[PDB]
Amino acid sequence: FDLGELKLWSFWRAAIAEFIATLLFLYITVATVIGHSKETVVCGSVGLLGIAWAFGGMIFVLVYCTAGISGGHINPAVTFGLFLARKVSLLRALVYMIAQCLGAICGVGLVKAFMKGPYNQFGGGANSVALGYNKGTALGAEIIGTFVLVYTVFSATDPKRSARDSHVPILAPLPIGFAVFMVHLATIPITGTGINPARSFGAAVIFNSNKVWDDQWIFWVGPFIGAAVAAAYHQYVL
């Protein structure tokens, strides 16, 4: 809690990027999920594969656009893990998780505004365990999946160069984006997308469903527990 950062000008820009990023990340991804679901014709949409690209591809573009500014996180769990590694200050982190949180809700909120009809009607792009999977699994998938995301993140951090005015490493976007893409190609059937507390959170809010809200804890505990293990594995044993 070195409150000296708040005073820096750059620090406020970094939060603004993370907010807009996540706003963007959530709008594009979720708008895509829906555009799929509302499709009447067979193979007439982009498909679950299309969705998967949306998620890892946006991440890639975003981490690219904001790497040099905030360090391109767009994910609480990504911040959390980098925090446990102490490459981010307690002050910075809590500010980030908030901006991503507010980022998501506006991102998802925006879509519902463009297509409220099919929005509510088709899941509203809200994470929740799928028929045939116990919560025990949904959490397992979520944990291990986020381990892949974060472990990539650490492996893709520039050791020398850091975010403008800070000791927060530059993230090489391509591997991270792909990692996201991959984890989506496997976890979608389980509980759609995840490994992103702010993504699920932003979705649960604008959708508003007890069923949704009930499983919502998994998408916070899993991503965070994974990010934890990841940091551990990468620093304590590598």
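Position 1 is the first residue in the sequence shown; the rest follow in order.
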- [ ] Output the stretch having the higher mean C-alpha B factor in the entry; the candidates are 55-63 and 197-205.
- [x] 197-205
TODO: Give the stretch, out of 180-188 and 207-215, with the larger mean C-alpha temperature factor in the deposited entry.
DONE: 207-215
- [ ] Go through 174, 46, 170, 30 one by one and give the residue whose Cα B-factor in the PDB entry is largest.
- [x] 170
Open item on the list: When the deposited Cα B-factors of this chain's modelled residues are ordered and cut into thirds, is residue 89 in the lowest, the middle or the highest one?
Closed with: highest
Task: residue 157 - Cα temperature factor, lowest/middle/highest third of chain - done: highest
- [ ] Would you please rank residue 163 by its C-alpha temperature factor against the other modelled residues of its chain and give the third it falls in: lowest, middle or highest?
- [x] highest
- [ ] Name the third of the chain's ranked CA B-factors that contains residue 146, choosing lowest, middle or highest.
- [x] lowest
- [ ] Sorting the chain's modelled residues by C-alpha B-factor, tell me whether residue 25 ends up in the lowest, middle or highest third.
- [x] lowest
